[PDB]
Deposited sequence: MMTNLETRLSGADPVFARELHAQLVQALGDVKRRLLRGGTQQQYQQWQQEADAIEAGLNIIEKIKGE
């Protein structure tokens, strides 16, 4: 049921965890400045990234 990811975010791999979080925000910044039609697509992507950031915290 549980993934390998969940166990790497639960404290067993502190470095992995902050690298993943780091790039997820990196990416978020990319699409956010991209958003300054085709906005609903990027906005959809911004939601997805932010969503992942919400889970990583709810399961760390």
| Deposited positions lacking CA coordinates | 37 to 41, 66 to 67
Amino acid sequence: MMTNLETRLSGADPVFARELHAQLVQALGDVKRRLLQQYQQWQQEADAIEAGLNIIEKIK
From here on, numbers count along this sequence of modelled residues.
| Which has higher Cα B-factors on average according to the PDB entry: 7 to 15 or 44 to 52? | 7 to 15
